[PDB]
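*Asks:* Quick one: the structure is below, and I'll ask about it shortly.
Ideal geometry is used to build each Cβ from the backbone, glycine not excepted, and the neighbour counts take in all protein chains shown. All of the numbers you see were taken from the coordinates with simple rules; none came from a lab.
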RNA sequence: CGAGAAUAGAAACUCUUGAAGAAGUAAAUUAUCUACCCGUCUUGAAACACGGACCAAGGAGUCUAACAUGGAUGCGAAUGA
RNA sequence: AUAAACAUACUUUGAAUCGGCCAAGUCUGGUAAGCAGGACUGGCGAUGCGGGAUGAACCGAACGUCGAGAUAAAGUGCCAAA
RNA sequence: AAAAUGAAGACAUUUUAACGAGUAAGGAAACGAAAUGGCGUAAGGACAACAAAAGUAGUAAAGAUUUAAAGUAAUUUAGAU
């Protein structure tokens, strides 16, 4: 069972005038200038993030697997979603060592919990 | 560009009516104004003492207080974006009894005449009368026959041009 | 597009008990459920007044309750506000119900033989409201109200916040 | 274009309620016909729509729309100089058809749009009463001409092709 | 929905079904009647066009 | 329990029978009086229409201050919004001051039906709820003795005694788009334009707009 | 002929492709459509108006003192001490 | 007559602004101005989009992200959808 | 906005309807049916394997270069070097 995750825009909302200059980063900042080509929404360049682009509520923050993300740091965090293994999927944090990962990965098999980092920090 | 005089722009606003110069009537100083009456202010340029401001000429106001020689009259004056209440004291020569309620005060009499009959018909048991019908705008006329015995026809066509010189 | 007189914005009427008073958040839950179910205008009145700010919940001194309940022997005065004490005039026997009873007002009412109910005990006793006298204290007695407006005016002046070179 | 028969009467103090104003108006529909009729009363008899009532409004179909008649049209039009009167002759099988020609030629030769012409009277004249230099040559019995420099006629728009094969010739027809 | 909104729609649709057949019968009736007159009209030529050509 | 639904339907059937009598009996007397007047040589004056259906034609930009208020009192606050208007000396004058923004004629019973059945709506509790039953119409308009939808269509058509109460309850219909004019909408329909009075030629425009 | 009503009645399907990579997404190039230089003063700047060669770090409504309105809090003819 | 319950009446505190410009079935000074100064109204300012090839004001029409349809101004030889 | 439900579910609940352009400017924090919703940097007081060894870290921290995923967006998370 998986509802079709529908996206109203699959691109990135890059900052205006970030394709010419390097001091202007590619993170969105709405232009406040009076003569700006974009805040007036001129034709051809009228791409701004407006709340209408927001994706469906039912399938918001849902990974393509159909399961939401739940980060775990130790084996005892897995028990927090052992009842909801059909809704949440464990994702071992990036600081957990390569020894504690084999404890979490093996325990996630016992409780039958999908793990998104099953091939991370392998030998 | 005009001036700030009290009675500015009064060549035709204060001019007496044609062949109406001289004294006013004798019913001007004999009508009896009671508190609550609707009277019309009309500045009289023949009598300067107590001449109301030219912006109140023709406005309609309510008599609020009747003083021995002057009649208190209150009107609504418009300001920047609010309407204020103005309380003048105009001599009877400068005001005229307004008949704005001439129509209304004759509808009341018609209803009061009917209601007087309903207190007698009901006491004696007769079916009481119905109240007068309300006023409506000109309603769409219904369909009515036209006799073919007293009729006549006139053809209508665009007219041939006739020169005016 | 559509031409409207004015656009839809938030209605300036409150509907919850403000602040974080975990006990006032319960009366509104309790009286917001009695007004909805019973649909009694008394509960809607009580719920509405529990969600007003502090300056709109003026105090009712015990001598106001005394002169308002003179001709109401068996009644339960209901004032949604603090109830202070009027140390100049005596306090007869009466049953009151308020958000907060001042120490000397609570001891004086119960000394003469009265009762000092809270708002939970009133809903249990008379939920729809059967023997209540709704009361709310004066609102224009505040001192801040005097200074409002322009002092120079001809009809109703203000009171001229004092400062330098006052006279 | 259509022809309508419209009658109305005036009911007020100025006019007696026993006079009926007939009309035979030419208008594309029956609402542009009433407009022509009402303004014809008001500009000529001081009758306003608010003080009058429409009695009848019917179309007038042609009785014999299979016979060719010489129509004579009396009209007045407004130019940049003044106001003139014209009398043009037209050949058509319907009264509503010969008027439509009058608006097209007047709007072409004289460059006067249709809201300047007042059609006064349209009657039918005889064979010999056609004064038009061009219309006079076709009213005879023994009129014959060859329609020459023709263009081939296709059955419908279906057979028309953007590009053809072979040479193209006209027809003696 | 029409039945739900307008319960009279069942009565008024039944009439429009029966009236539909009535007009068909009216058409067929006058079809034969007018065809006969047309048939008789045809056989007034074929006689009165053989009493002009001869 | 739900045995009152069976009885309610019979009353709606009874009201539809009686409602169609007034419309049909008043139609016969108009035609009968037209035959007798032709035979006797008399003339007949058809009765003035009682209902006017107005459609907003233009947008919302560039409206004079007084005309803007008249359209609001007519509830034509949007383009392609059709409403039913009573005709008397006042609304006819009001509909004349705002002519460049409205086109209005007179609706036949076949047009009143299509608008109310297809684009009908009611204001219950402040929400423009589309018509989906008769229990919804009965609840909102029970006190006006309008319990079905053929009581709502009839009152609008004949302009009954409770027309104002019915008329404001119905929300202004939202209509589609269709060719309005031959030349353009900047000239009167008399000159082959878009606005102005269209009389019985408004039913043609409403047929492509519903 | 037949509305209401009473009683009886009927819906579970098929084919193609995909771990030899289906559907979706991303990157590069091509193709039709679209796209004047940002900040600012200005009624009006893409302007033949002014600053700007590029990058990194730093970079501008803060602190105290006095009054007032309002939101939360304690007590209340007292409050603060 | 018609419209009006997210109606109506407000109260307190406070920010920005008072260099304006255009259109006209209008006016004044001027020979006249893309000049100077006004009365009623709509706009540009603060505003994109479809059309006038381009255009701050003209015509249509005012904008959350889209899909399908009838439309408005205006067009249908090619560039250019018809 | 109005109804419904409401001690904890969860996605800031459920149903219906209307609406959404905008320079200057305003909408501080908390307020269960929330009197706008949030992202980021640094520092301080707490919480972070609840059966007496209790967040991560030499089985590789912070940082840097990229690749993928989530969020409309501020940004977050993860893989590899």
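*Asks:* Only one residue in A:115, A:96 is more than 16 Å from RNA strand H (Cβ to nearest atom) and more than 23 Å from residue A:2 (Cβ to Cβ). Which one?
*Replies:* After ruling out the rest, the residue left standing is A:96.
*Asks:* Then there's this: Since residue B:155 meets every condition but one in (1) surrounded by 10 or more Cβ atoms within 10 Å (Cβ to Cβ); (2) more than 14 Å from chain F (Cβ to nearest Cβ); (3) in contact with a strand residue (DSSP E or B) (Cβ under 8 Å, 6 or more places away or on another chain), which condition does it not meet?
*Replies:* Every listed condition holds for residue B:155 apart from (1).
*Asks:* Further question on the same structure: Quick one: what pairs do we get from the stretch D:102-120, first residue within 14 Å of chain B (Cβ to nearest Cβ), second part of a loop (DSSP other than H, G, I, E, B) and surrounded by 14 or more Cβ atoms within 10 Å (Cβ to Cβ), C-beta under 8 Å, 6+ apart or different chains?
*Replies:* D:102/D:117; D:118/B:158; D:119/B:158; D:120/B:157; D:120/B:158
*Asks:* While we're looking at this one, here's another question. Could you identify the single residue in C:52, C:26, C:65 that is surrounded by fewer than 19 Cβ atoms within 10 Å (Cβ to Cβ), within 14 Å of the chain's Cα centre (by Cα), within 16 Å of RNA strand G (Cβ to nearest atom) and under 25 Å from residue C:128 (Cα atoms)?
*Replies:* Working: C:26 fails: within 14 Å of the chain's Cα centre (by Cα); C:65 fails: surrounded by fewer than 19 Cβ atoms within 10 Å (Cβ to Cβ).
Among C:52, C:26, C:65, only C:52 is surrounded by fewer than 19 Cβ atoms within 10 Å (Cβ to Cβ), within 14 Å of the chain's Cα centre (by Cα), within 16 Å of RNA strand G (Cβ to nearest atom) and under 25 Å from residue C:128 (Cα atoms).
*Asks:* What number of residues within the stretch D:75-86 satisfy the criterion of being loosely packed, with under 12 Cβ neighbours inside 10 Å and either within 13 Å of chain B (Cβ to nearest Cβ) or within 30 Å of residue B:144 (Cβ to Cβ) (or both)? Don't jump to the end; show me each part of the working.
*Replies:* So the first thing to find is which residues in the stretch D:75-86 are loosely packed, with under 12 Cβ neighbours inside 10 Å, and the list is D:79-82.
Going one step further and asking which of them are either within 13 Å of chain B (Cβ to nearest Cβ) or within 30 Å of residue B:144 (Cβ to Cβ) (or both), we end up with D:79, D:81-82.
Summing the residues that are loosely packed, with under 12 Cβ neighbours inside 10 Å and either within 13 Å of chain B (Cβ to nearest Cβ) or within 30 Å of residue B:144 (Cβ to Cβ) (or both) in the stretch D:75-86 gives 3.
*Asks:* Looking only at strands (runs of 3 or more DSSP E) that lie completely in the stretch F:12-101, which have at least 3 residues being more than 11 Å from chain B (Cβ to nearest Cβ)?
*Replies:* Here the list reads F:51-56, F:81-86.
*Asks:* For the stretch A:90-123, which positions are more than 10 Å from RNA strand I (Cβ to nearest atom), out of contact with any helix residue (DSSP H, G or I) (no Cβ under 8 Å at 6 or more places or on another chain) and either in contact (Cβ under 8 Å) with a residue 24 or more places away in the chain or under 14 Å from residue A:71 (Cβ atoms) (or both)? Walk me through it before giving the result.
*Replies:* Taking the stretch A:90-123 and keeping what is more than 10 Å from RNA strand I (Cβ to nearest atom), we get A:90, A:105-106, A:108-115.
Imposing the further condition that a residue be out of contact with any helix residue (DSSP H, G or I) (no Cβ under 8 Å at 6 or more places or on another chain) reduces the set to A:105-106, A:109-110, A:112.
Once the filter is applied, which keeps residues that are more than 10 Å from RNA strand I (Cβ to nearest atom), out of contact with any helix residue (DSSP H, G or I) (no Cβ under 8 Å at 6 or more places or on another chain) and either in contact (Cβ under 8 Å) with a residue 24 or more places away in the chain or under 14 Å from residue A:71 (Cβ atoms) (or both), the stretch A:90-123 yields only A:112.
*Asks:* From E:1, E:9, E:40, which residue is touching a helix residue (DSSP H, G or I) at 6+ places or on another chain (Cβ under 8 Å) and either away from RNA strand G (no atom under 16 Å from the Cβ) or within 14 Å of chain F (Cβ to nearest Cβ) (or both)? Please lay out each step first, then the result.
*Replies:* On the way: E:1 fails: touching a helix residue (DSSP H, G or I) at 6+ places or on another chain (Cβ under 8 Å); E:40 fails: touching a helix residue (DSSP H, G or I) at 6+ places or on another chain (Cβ under 8 Å).
Among E:1, E:9, E:40, only E:9 is touching a helix residue (DSSP H, G or I) at 6+ places or on another chain (Cβ under 8 Å) and either away from RNA strand G (no atom under 16 Å from the Cβ) or within 14 Å of chain F (Cβ to nearest Cβ) (or both).
*Asks:* Could you check, for the stretch F:131-154, whether at least one of its residues is in contact with a strand residue (DSSP E or B) (Cβ under 8 Å, 6 or more places away or on another chain) and farther than 23 Å from residue E:1 by Cα?
*Replies:* no
*Asks:* Here's something else I'd like to know. Scan the stretch A:37-74 for residues that are more than 16 Å from RNA strand G (Cβ to nearest atom), surrounded by fewer than 11 Cβ atoms within 10 Å (Cβ to Cβ) and under 30 Å from residue A:97 (Cα atoms) and report the count.
*Replies:* Matching residues across the stretch A:37-74 total 1.
*Asks:* Quick check: is even one residue across the stretch A:8-21 surrounded by 10 or more Cβ atoms within 10 Å (Cβ to Cβ), away from RNA strand G (no atom under 16 Å from the Cβ) and away from every other protein chain (no Cβ under 14 Å)?
*Replies:* no
*Asks:* Quick check on my filter: what residues within the stretch F:14-60 are within 16 Å of RNA strand I (Cβ to nearest atom) and either touching a residue at least 40 places away in the same chain (Cβ under 8 Å) or farther than 27 Å from residue F:174 by Cβ (or both)? Outline the logic, then answer.
*Replies:* Looking only at the stretch F:14-60, we keep the residues that are within 16 Å of RNA strand I (Cβ to nearest atom), and these are F:56, F:59-60.
Passing the criteria: only F:56.
*Asks:* Out of the stretch F:151-195, which residues are more than 16 Å from RNA strand I (Cβ to nearest atom), under 19 Å from residue F:71 (Cβ atoms) and buried (at least 21 other Cβ atoms within 10 Å of the Cβ)?
*Replies:* If the condition is that a residue be more than 16 Å from RNA strand I (Cβ to nearest atom), under 19 Å from residue F:71 (Cβ atoms) and buried (at least 21 other Cβ atoms within 10 Å of the Cβ), then F:189, F:194, F:195 are the ones that fit.
*Asks:* Confirm whether residue D:130 is touching a residue at least 40 places away in the same chain (Cβ under 8 Å) and within 14 Å of chain B (Cβ to nearest Cβ).
*Replies:* Values: touching a residue at least 40 places away in the same chain (Cβ under 8 Å): yes; within 14 Å of chain B (Cβ to nearest Cβ): no.
In short, no.
*Asks:* Next question, about the same structure. Could you grab me the full set of residues in the stretch D:49-74 that are away from chain F (no Cβ under 14 Å) and surrounded by 13 or more Cβ atoms within 10 Å (Cβ to Cβ)?
*Replies:* Result: D:60, D:62, D:69, D:70, D:71, D:72, D:73, D:74.
*Asks:* Next up: Please name all residue pairs, on different chains or six or more residues apart, with Cβ atoms under 6 Å, provided the first residue is in the stretch A:38-60 and is more than 14 Å from chain C (Cβ to nearest Cβ) and the second residue is assigned to a strand (DSSP E or B) and within 16 Å of RNA strand G (Cβ to nearest atom).
*Replies:* Close Cβ pairs satisfying both conditions: A:38/A:45.
*Asks:* Being surrounded by fewer than 19 Cβ atoms within 10 Å (Cβ to Cβ), free of Cβ contacts under 8 Å to residues at least 12 places away in the same chain and in a helix (DSSP H, G or I): is that true of residue F:1 here? Lay out the reasoning, then the answer.
*Replies:* Details: surrounded by fewer than 19 Cβ atoms within 10 Å (Cβ to Cβ): yes; free of Cβ contacts under 8 Å to residues at least 12 places away in the same chain: yes; in a helix (DSSP H, G or I): no.
No: the conditions fail for residue F:1.
*Asks:* Here's another thing I want to ask about it. Being near RNA strand I (Cβ under 8 Å from one of its atoms), part of a loop (DSSP other than H, G, I, E, B) and touching a residue at least 24 places away in the same chain (Cβ under 8 Å) narrows it down to one residue among A:5, A:34; which is it?
*Replies:* Details: A:34 fails: touching a residue at least 24 places away in the same chain (Cβ under 8 Å).
Of the residues listed, the single one that is near RNA strand I (Cβ under 8 Å from one of its atoms), part of a loop (DSSP other than H, G, I, E, B) and touching a residue at least 24 places away in the same chain (Cβ under 8 Å) is A:5.
*Asks:* Would you be able to say whether some residue in the stretch D:35-48 is within 14 Å of chain B (Cβ to nearest Cβ), within 19 Å of residue D:107 (Cβ to Cβ) and in contact with a strand residue (DSSP E or B) (Cβ under 7 Å, 6 or more places away or on another chain)? If you could, list the steps in order and put the result at the bottom.
*Replies:* Here is the first cut: in the stretch D:35-48, the ones within 14 Å of chain B (Cβ to nearest Cβ) are D:35-48.
If we keep only those that are within 19 Å of residue D:107 (Cβ to Cβ) as well, we get D:36.
Still in the running and in contact with a strand residue (DSSP E or B) (Cβ under 7 Å, 6 or more places away or on another chain): D:36.
Within the stretch D:35-48, one or more residues are within 14 Å of chain B (Cβ to nearest Cβ), within 19 Å of residue D:107 (Cβ to Cβ) and in contact with a strand residue (DSSP E or B) (Cβ under 7 Å, 6 or more places away or on another chain).
*Asks:* For residues that are more than 7 Å from RNA strand I (Cβ to nearest atom) and closer than 14 Å to residue C:120 by Cβ, scanning just the stretch C:27-46, find the one that is farthest from the other protein chains (Cβ to nearest Cβ). Show your work before the answer.
*Replies:* Restricting attention to the stretch C:27-46, the residues satisfying the condition of being more than 7 Å from RNA strand I (Cβ to nearest atom) are C:27, C:30-31, C:34-35, C:38-46.
Now restrict to residues that are closer than 14 Å to residue C:120 by Cβ: C:27, C:30-31, C:34, C:43, C:46.
On the way: C:27: 28, C:30: 26, C:31: 23, C:34: 22, C:43: 21, C:46: 24 Å.
Looking at residues that are more than 7 Å from RNA strand I (Cβ to nearest atom) and closer than 14 Å to residue C:120 by Cβ, I get C:27.
*Asks:* Residues in the stretch A:45-77 that are within 17 Å of residue A:15 (Cβ to Cβ) and more than 7 Å from RNA strand I (Cβ to nearest atom): how many?
*Replies:* Step one: of the stretch A:45-77, the residues within 17 Å of residue A:15 (Cβ to Cβ) are A:45-50, A:53.
From the residues that got through so far, the ones that are more than 7 Å from RNA strand I (Cβ to nearest atom) too are A:45-48.
Qualifying residue count, the stretch A:45-77: 4.
*Asks:* For the stretch B:132-146, does any single residue satisfy the condition of being away from chain F (no Cβ under 14 Å) and either assigned to a strand (DSSP E or B) or in contact with a helix residue (DSSP H, G or I) (Cβ under 8 Å, 6 or more places away or on another chain) (or both)? Spell out the reasoning first.
*Replies:* Taking the stretch B:132-146 first, the residues away from chain F (no Cβ under 14 Å) are B:132.
After this cut, where a residue has to be either assigned to a strand (DSSP E or B) or in contact with a helix residue (DSSP H, G or I) (Cβ under 8 Å, 6 or more places away or on another chain) (or both) as well, the list is B:132.
Yes, there is a match, as at least one residue in the stretch B:132-146 is away from chain F (no Cβ under 14 Å) and either assigned to a strand (DSSP E or B) or in contact with a helix residue (DSSP H, G or I) (Cβ under 8 Å, 6 or more places away or on another chain) (or both).
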